[PDB]
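Only one structure is covered here, and it is reproduced in the block below.
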Amino acid sequence: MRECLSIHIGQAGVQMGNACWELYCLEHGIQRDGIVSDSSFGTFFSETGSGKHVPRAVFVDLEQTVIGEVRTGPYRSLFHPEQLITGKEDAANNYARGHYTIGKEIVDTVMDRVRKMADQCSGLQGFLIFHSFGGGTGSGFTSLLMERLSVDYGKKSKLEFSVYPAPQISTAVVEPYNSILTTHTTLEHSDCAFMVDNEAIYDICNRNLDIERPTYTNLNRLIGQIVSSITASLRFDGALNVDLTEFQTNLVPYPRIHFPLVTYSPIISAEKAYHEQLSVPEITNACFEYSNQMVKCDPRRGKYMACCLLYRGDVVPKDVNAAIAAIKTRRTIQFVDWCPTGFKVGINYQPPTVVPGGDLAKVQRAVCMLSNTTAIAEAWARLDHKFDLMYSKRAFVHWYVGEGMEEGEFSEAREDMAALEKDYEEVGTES
Amino acid sequence: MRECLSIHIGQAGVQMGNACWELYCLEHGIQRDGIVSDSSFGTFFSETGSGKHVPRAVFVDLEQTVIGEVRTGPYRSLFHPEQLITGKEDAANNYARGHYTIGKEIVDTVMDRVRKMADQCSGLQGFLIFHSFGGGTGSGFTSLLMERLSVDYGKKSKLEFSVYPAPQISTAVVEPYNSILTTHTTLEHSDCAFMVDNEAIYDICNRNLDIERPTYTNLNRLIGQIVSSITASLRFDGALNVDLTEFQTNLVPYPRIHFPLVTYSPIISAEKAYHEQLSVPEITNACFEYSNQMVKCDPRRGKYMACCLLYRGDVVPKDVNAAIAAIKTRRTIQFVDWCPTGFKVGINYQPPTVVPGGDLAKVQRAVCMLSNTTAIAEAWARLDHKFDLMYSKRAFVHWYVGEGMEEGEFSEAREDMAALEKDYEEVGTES
Amino acid sequence: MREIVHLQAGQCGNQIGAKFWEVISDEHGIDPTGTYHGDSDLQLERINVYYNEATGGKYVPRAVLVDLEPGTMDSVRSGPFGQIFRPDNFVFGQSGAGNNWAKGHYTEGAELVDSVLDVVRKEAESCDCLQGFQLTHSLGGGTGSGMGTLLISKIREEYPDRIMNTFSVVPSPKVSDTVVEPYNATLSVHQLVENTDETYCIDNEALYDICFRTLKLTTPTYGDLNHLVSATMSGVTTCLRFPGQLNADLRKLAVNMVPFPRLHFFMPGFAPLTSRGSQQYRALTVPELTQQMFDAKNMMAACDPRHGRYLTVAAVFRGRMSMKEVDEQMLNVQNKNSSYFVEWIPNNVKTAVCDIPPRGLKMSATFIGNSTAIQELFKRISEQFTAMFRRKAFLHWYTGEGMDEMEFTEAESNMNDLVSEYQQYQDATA
Amino acid sequence: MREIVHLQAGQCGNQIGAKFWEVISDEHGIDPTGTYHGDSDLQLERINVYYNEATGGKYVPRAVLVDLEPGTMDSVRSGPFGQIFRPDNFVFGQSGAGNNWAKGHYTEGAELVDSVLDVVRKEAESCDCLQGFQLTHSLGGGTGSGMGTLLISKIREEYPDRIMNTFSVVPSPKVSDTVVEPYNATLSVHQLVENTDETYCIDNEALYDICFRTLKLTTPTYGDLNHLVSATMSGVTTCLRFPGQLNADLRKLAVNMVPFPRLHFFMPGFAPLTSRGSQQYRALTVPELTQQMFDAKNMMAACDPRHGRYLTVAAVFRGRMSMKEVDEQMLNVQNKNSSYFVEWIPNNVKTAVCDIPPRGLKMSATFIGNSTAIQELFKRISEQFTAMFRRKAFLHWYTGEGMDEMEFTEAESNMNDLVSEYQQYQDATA
Ligand SMILES: Nc1nc2c(ncn2[C@@H]2O[C@H](COP(=O)(O)OP(=O)(O)OP(=O)(O)O)[C@@H](O)[C@H]2O)c(=O)[nH]1
Ligand SMILES: Nc1nc2c(ncn2[C@@H]2O[C@H](COP(=O)(O)OP(=O)(O)OP(=O)(O)O)[C@@H](O)[C@H]2O)c(=O)[nH]1
Ligand SMILES: Nc1nc2c(ncn2[C@@H]2O[C@H](COP(=O)(O)OP(=O)(O)O)[C@@H](O)[C@H]2O)c(=O)[nH]1
Ligand SMILES: Nc1nc2c(ncn2[C@@H]2O[C@H](COP(=O)(O)OP(=O)(O)O)[C@@H](O)[C@H]2O)c(=O)[nH]1
Ligand SMILES: [Mg+2]
Ligand SMILES: [Mg+2]
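If you read the protein sequences in the order shown, they are chains b, a, A and B.
Here the first sequence stands for residues 1 to 37, 45 to 438, where the numbers follow the authors' numbering.
Here the second sequence stands for residues 1 to 37, 45 to 438, where the numbers follow the authors' numbering.
Using the authors' numbering, read the third sequence as starting at 1 and increasing by one per residue.
Using the authors' numbering, read the fourth sequence as starting at 1 and increasing by one per residue.
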């Protein structure tokens with residue numbers, strides 16, 4: 001187990017990155033100035056021959072505003088200045104700009120850094136990509152990087168965390184175009200994508216957590232724990248270690264179906280923690296309830312195809328088997344017929360850490376679930392419906408066309424998206 | 001012997017619940033803050056892995072007023088915040104609201120908690136349900152829970168404590184509609200119901216107790232001792248233990264006749280205690296007198312079908328047999344012919360505890376009787392007479408109809424009630 | 001939390017509201033500036049019922065003050081508690097109604113109806129769980145009867161599920177304040193009889209009697225009558241604002257009190273009312289309060305209850321209480337006054353108890369009664385109505401505002417039906 | 001860094017700019033002499049957006065002030081912030097336009113067009129990454145409508161890629177300030193409809209209404225109206241100047257807001273606007289701001305939005321915020337006002353949040369709406385245009401400046417197409 005490289009693209013990805021790297025530093029004990037006041048922090052950090060550890064990340068954006076905060080923020084000393092790549096003019100929520108016109112200018116600079124980062128790795132498990140599914144830079148430039156990375160690093164894991172457009176909440180008018188276009192250009196190249204919706208996490212903050220005034224500092228901070236659970240196996244020892252490539256081997260039965268949804272348990276406030284045991288069954292049963300999943304799509308509306316329970320902390324393997332056995336016998340919880348075995352257990356010894364000032368309570372035992380469910384097809388369909396509803400009248404096509412993109416690309420994108428919907432239908436039925 | 005779950009619904013049930021749980025905590029020695037400053048308190052409590060014990064109860068109401076007191080009361084720390092389920096608008100003393108319109112919105116939230124409570128039980132004896140027979144939430148919502156619980160937990164004991172409308176005292180004008188409607192929807196689902204009247208307990212407080220200013224803090228506190236006697240066998244050891252399911256097997260000869268009345272002895276003030284021996288015969292003979300039963304219906308006016316004397320404290324089994332033998336030879340006390348054996352003795356070692364500031368004296372020996380007597384038919388008949396007296400002119404039917412209920416339901420309810428009256432007539436006669 | 005929005009129309013409604021908010025604010029310990037200076041934490045537990053909390057602890061009551069002429073509302077601004085209401089809620093016109101229902105319902109008030117709804121909707125949205133609306137006005141006036149009914153019809157169309165109470169001052173039997181009251185009252189009732197869920201009929205004649213003999217007040221002013229009306233108004237909503245052993249919100253009262261939808265006219269009462277001379281000589285206990293509330297001499301309506309029968313009765317107690325005493329006394333009244341209740345309802349009393357008493361009193365009770373004697377009140381108004389309309393005494397003023405004579409006969413016929421319906425249920429099965 | 005250059009033409013443009021730079025300079029803590037005396041280091045983080053830094057910490061705004069007559073610009077020199085602008089940027093002529101579009105576009109302004117471009121080009125070169133241009137003027141005036149459109153066409157030919165915003169004051173529906181506004185407006189729109197990417201239509205009538213009722217200002221002067229216009233102007237560019245959770249530059253707004261290239265006319269709005277009397281009685285929270293911005297009573301355009309539908313809407317918040325509240329409130333508006341948005345766009349709201357609030361406010365929001373109701377505004381101008389041009393009411397002044405009558409009909413026909421295009425999309429697929 002050796003390096004995994006994290007690429008944070010766009011305002012969403014970068015703001016998630018600083019939350020993630022703040023979490024990484026605390027777990028390994030690296031101060032905010034990069035000094036290490045033992046042998047496992049090399050996966051995400053490089054020792055600068057002086058006791059100073061540099062994160063193995065490339066922060067890319069087309070606007071200086073977001074990366075300027077990091078340069079002037081508390082973690083200014085942490086990051087290598089050359090890694091913080093920034094553009095001149097934002098993508099203006101336009102996929103075409105982020106991909107063709109302004110994206111092409113800065114793509115080479117990013118690849119130059121990635122190659123230098125990759126060369127200093129004895130082993131390179133893969134790439135983590137943090138981006139927003141809806142947006143100019145976070146969706147147009149990531150498609151460029153996915154295409155560029157694939158040719159150079161074929162058959163290396165390329166994980167991505169994507170902010171899928173919420174079914175009901177939206178913060179931009181042309182998201183359906185941006186989201187569908189990026190899906191077309193990443194389906195063939197990406198290995199698997201962990202989907203999270205802002206609306207779903209907002210609901211958790213109100214019901215599970217007692218925070219009545221959540222902010223993106225809360226969503227990103229909570230989302231950071233998801234990545235920590237996924238990469239804990241690389242960075243820590245424990246029974247049933249789960250490497251990075253085991254995810255694509257287990258959670259992706261077919262090449263085009265690689266969009267597992269995210270779930271995390273427990274998520275409880277400090278006051279509400281005193282009244283709960285939080286045993287292995289207690290946390291485990293929460294992961295399979297609609298009230299806790301981080302995508303607003305209802306899992307009960309469909310069937311599962313694979314799951315990976317990334318247990319963490321003071322947990323006992325026997326209880327994991329017993330709790331999992333109880334889940335499989337539920338009639339309400341349905342697993343597709345052609346997959347007799349759906350669970351991919353993983354256990355780690357390092358408990359989750361407590362971020363000072365956070366809204367999450369100290370838990371000596373936590374579980375993170377990654378599940379590939381056909382219910383996510385209900386999310387693509389709404390995106391498809393929202394697309395042709397605008398494209399029929401050419402709602403905003405002139406902006407995209409003028410940026411060096413052809414109208415035919417819109418037709419191809421939906422046609423590829425239409426097949427993806429059909430694929431989930433085919434896999435969800437058995438004789 | 002393992003968990004029994006208590007559901008407190010409505011203002012009456014909740015106000016009874018806080019009296020009951022105040023009693024439970026003192027018996028086991030759990031402080032008002034949930035800390036346990045040994046192996047038998049697990050029936051009604053769950054150990055929160057930290058020395059803090061959470062009651063195994065679900066408090067449900069459609070108005071925040073009553074549950075708001077608990078949240079701000081001394082036992083705020085005791086209850087799990089998620090258990091204290093509360094609605095927005097009260098049922099307004101309307102059965103239809105509590106069942107159809109506002110009840111349907113909050114029923115799912117209650118069942119979600121009950122399922123989580125049930126899962127953490129190695130053994131689940133049954134459910135205790137505290138409610139008022141007359142009232143909107145206490146009669147409309149309980150019918151929903153009874154129907155919902157029955158489908159999920161068939162053949163599990165569902166005990167209920169009901170505040171039957173007093174024959175003479177009444178605090179609402181539409182009680183006959185509310186009381187008859189709930190009886191129809193709980194007769195098939197409920198296992199047995201312990202009936203108590205406010206007027207009957209008021210009489211005891213004046214005659215037996217010397218309290219000239221009783222309040223609901225006195226009735227509920229006294230009513231709490233009834234439940235403690237019923238569940239002492241589960242929570243304590245002693246000769247002739249009486250489990251929860253023995254009640255339905257012994258006190259219910261026919262499925263539709265499951266309404267035993269309540270009686271408790273001794274009930275004496277501190278000053279009046281000094282002048283009484285309070286031997287086993289002294290307390291036992293009191294249970295069979297009209298002056299002490301907690302339902303104003305006169306037992307002498309009918310015949311008994313079963314009785315369960317739940318003795319408690321420093322009691323000797325021989326005296327129990329002798330005292331019971333004396334009762335059976337009384338000519339005034341009549342037992343139905345087809346039941347040669349009517350008594351179901353039960354003895355426990357733990358004496359009743361003294362609630363500080365209470366109106367009840369310290370007794371080293373107490374007895375609680377549950378009796379299924381045909382004399383209770385005199386209570387249903389008055390309810391039936393009070394129903395058709397209003398329904399003939401449609402006194403208040405418009406309120407119920409407008410809330411998504413059909414007029415035909417009123418006719419069916421009385422028809423089912425009419426048969427119940429006939430059943431008591433049939434069982435009360437022998438060749 | 002359960003929330004209510006208050007509407008006050010006309011001189012009568014506005015002046016009653018002014019005293020009403022003085023009483024409500026005093027109980028919750030609100031400074032006239034809107035700041036909170038109370039001593040018990042239980043006052044803020046349900047302060048959301050009536051007050052919207054603004055920045056700096058300044059609690060603003062969500063009351064809508066409507067009057068077609070600035071006069072009455074202008075005095076409210078300069079009053080002791082004028083600076084508590086939100087300025088934007090003062091929806092005042094310029095051309096005041098000439099004490100004719102037509103002008104306040106069709107011509108002038110119809111122009112101001114849209115403006116009022118804008119304020120009300122903002123208040124309704126400000127609530128998390130709105131319960132119902134309250135209207136204070138007079139049936140004998142022009143703006144109150146006209147604008148009040150126009151508001152009631154509009155808001156009912158927009159809030160059918162919610163409740164709407166109407167504390168309406170009704171014309172007195174002997175002495176009147178306006179010549180054309182019969183026309184306004186009959187038309188106003190025709191709107192209330194089908195659009196409002198409960199009404200609290202009050203008349204100045206009864207209130208004058210209470211002060212004269214029950215309170216020994218030599219010089220009673222509207223600063224005194226409006227306090228008794230406010231005291232009853234506060235009692236009806238005590239359970240919402242404060243906890244108790246047995247609670248009863250607005251919906252609970254309506255369901256119990258109203259047997260049939262059209263018979264939703266009540267007559268309120270209050271206790272204890274004692275002069276300072278007789279205060280020392282009387283003991284304050286539940287039995288004493290029960291006798292006074294059921295005393296015909298204490299009713300706030302001219303109609304004598306003994307001339308009819310009670311369909312439903314509600315007594316809302318406040319302060320430290322004994323439930324046994326409440327039940328015993330209600331049992332005594334039920335049996336002693338055997339013939340004062342219709343038999344076809346086996347029990348007529350709906351009780352409610354609140355822990356907190358009002359002002360400095362240690363114990364109080366508010367009486368609500370759905371007596372059939374109120375048919376006498378409607379009977380007199382119809383008799384006066386037919387006396388004038390028989391030869392169009394003052395009809396040219398109403399016809400000139402757009403009304404048609406056919407409306408007057410429709411209102412008359414509808415009013416006559418109400419008396420007939422009341423008389424039907426005064427009979428017994430046997 | 002992203003940079004903008006400001007252009008102000010005519011009396012209206014120059015006077016709005018003067019107030020605009022007072023607001024902008026105050027936020028960044030710039031002394032009237034041009035020195036920096038701010039307290040927060042975050043003000044200089046993006047001061048390059050508007051100000052060119054000169055030696056000695058003297059920050060010079062890169063604004064080009066154009067007016068064919070020295071009068072208006074002369075007062076700006078003597079104003080409180082006159083000594084901040086560069087003297088060479090004051091490109092003032094001598095013969096002022098006689099409120100005719102022809103003179104300000106063909107004869108007089110055409111002689112001064114070359115001089116203005118010299119100043120603008122130097123500013124554009126002074127930038128490292130120019131984003132777009134801003135033009136403030138009035139469509140009813142001569143110099144603004146004439147010179148403004150002449151500048152727009154020229155700079156567009158020289159900066160096709162960049163953006164150009166136009167904060168244009170539009171003729172009011174009821175009361176006009178100039179007799180020949182219809183000719184100037186129709187001709188001016190014919191140029192803007194094809195040369196500018198986004199427009200912010202403002203009318204004095206709406207601004208007068210806001211002060212009268214929404215702000216309770218008894219004596220509003222142009223020292224007051226220009227502040228509201230400036231406040232909205234500052235809000236649109238806040239993300240460029242300061243950081244935030246979700247940013248939106250000028251390009252981001254245009255792409256989201258403009259479905260079709262010719263439908264780029266918007267109507268702005270601002271919140272909170274509260275009188276000092278009503279300031280105490282209102283709570284400052286996200287839910288309150290959302291209601292006001294979508295209130296038709298707060299729009300800065302005469303056209304009532306309820307008469308039409310919204311194609312796209314943008315709300316740019318400022319100050320400490322809660323993203324959940326922003327999304328919830330936008331969700332409420334989306335659902336509650338179901339019929340106010342065209343269905344063929346599934347979601348119409350584009351949100352943006354900035355960390356720094358404006359002036360002493362702790363929270364603010366700027367509203368931008370691409371409603372189809374603005375078709376009514378163009379409809380009225382065309383009706384007035386045809387009323388005069390039908391018999392050449394004032395056409396000899398325009399024809400004498402070199403214009404041809406064929407241009408008027410071309411502008412009329414082009415204007416008529418815009419209304420037809422707007423009406424087409426007000427329909428629905430089903
Ligand atoms: N969870 C979360 N989502 C964010 C955050 N910041 C932005 N987003 C999401 O990003 C979506 C829009 O795309 P952005 O990422 O903001 O835009 P971008 O990636 O910078 O690309 P541009 O169009 O060039 O600005 C919004 O709908 C947000 O939901 C964040 O900090 N946390
Ligand atoms: N013994 C006893 N009875 C009570 C108590 N509280 C209420 N009741 C009885 O409840 C009856 C009316 O029904 P409630 O329980 O009060 O009303 P509810 O259950 O809250 O249902 P709603 O109609 O929605 O208010 C009254 O007649 C009382 O006798 C109590 O604390 N102790
Ligand atoms: N109880 C009470 N009644 C009042 C008061 N002021 C006016 N009234 C009654 O209001 C009636 C007159 O109608 P009014 O409301 O003034 O006309 P309006 O302004 O058009 O609504 C008179 O019959 C009075 O009895 C008051 O302060 N208290
Ligand atoms: N909002 C606003 N509008 C103004 C101001 N000054 C002038 N106007 C408008 O400008 C219009 C007159 O055109 P004007 O710009 O003065 O002519 P120009 O000098 O040739 O461009 C009038 O209709 C006014 O409504 C101002 O300070 N604020
Ligand atoms: Mg961006
Ligand atoms: Mg209740």
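Where a beta carbon is used, it is the ideal one built from N, C-alpha and C, also for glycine.
Would you call residue i buried or exposed, if buried means 16 or more other Cβ atoms sit within 10 Å of its Cβ?
i: A/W101; result: buried
i: a/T339; result: exposed
i: a/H282; result: exposed
i: a/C375; result: buried
Taking 6 Å as the limit between beta carbons, can you name the residues of its chain near residue i, skipping five residues before and five after?
i: A/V342; result: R309, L311
Helix or strand or just coil, what does DSSP make of residue i?
i: B/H6; result: strand
i: A/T218; result: coil
i: B/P87; result: helix
i: B/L192; result: helix
Spell out whether any CB of chain b is found under 8 Å from the CB atom of residue i.
i: a/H196; result: no
i: B/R251; result: yes
Using a Cβ-Cβ distance cut-off of 8 Å, determine whether residue i contacts chain B.
i: b/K393; result: yes
i: b/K111; result: no
Could you pull out every residue in the same chain whose Cβ sits closer than 8 Å to the Cβ of residue i, ignoring the five residues on either side in sequence?
i: A/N348; result: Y310, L311, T312, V313, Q334, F341, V342
Tell me which residues share the same chain as residue i and place their Cβ nearer than 7 Å to its Cβ, disregarding the 5 neighbours each side in the sequence.
i: a/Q127; result: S53
### Task
Starting from the N-terminal side, write out each stretch of the beta strand (DSSP E) that is 3 residues or longer and does not extend beyond the segment 272-360 of chain A.
With a minimum length of 3 residues, the continuous beta strand (DSSP E) runs that stay inside the segment 272-360 of chain A are 310-318, 349-354.
### Message
In chain order, what are the residue ranges of uninterrupted beta strand (DSSP E) at least 3 long that sit wholly in the segment 364-422 of chain a?
### Response
If we require 3 residues or more, the beta strand (DSSP E) runs fully inside the segment 364-422 of chain a come out as 372-380.
### Query
Which runs of the beta strand (DSSP E) fall wholly inside the segment 243-314 of chain a and span at least 3 residues, in chain order?
As far as the segment 243-314 of chain a is concerned, its whole beta strand (DSSP E) runs of at least 3 residues are 268-272.
### Query
Which ranges would you report for the alpha helix (DSSP H) in the segment 131-201 of chain a if only whole runs of at least 4 residues count?
Listed in chain order, the alpha helix (DSSP H) runs fully inside the segment 131-201 of chain a are 143-159, 182-193, counting runs of at least 4 residues.
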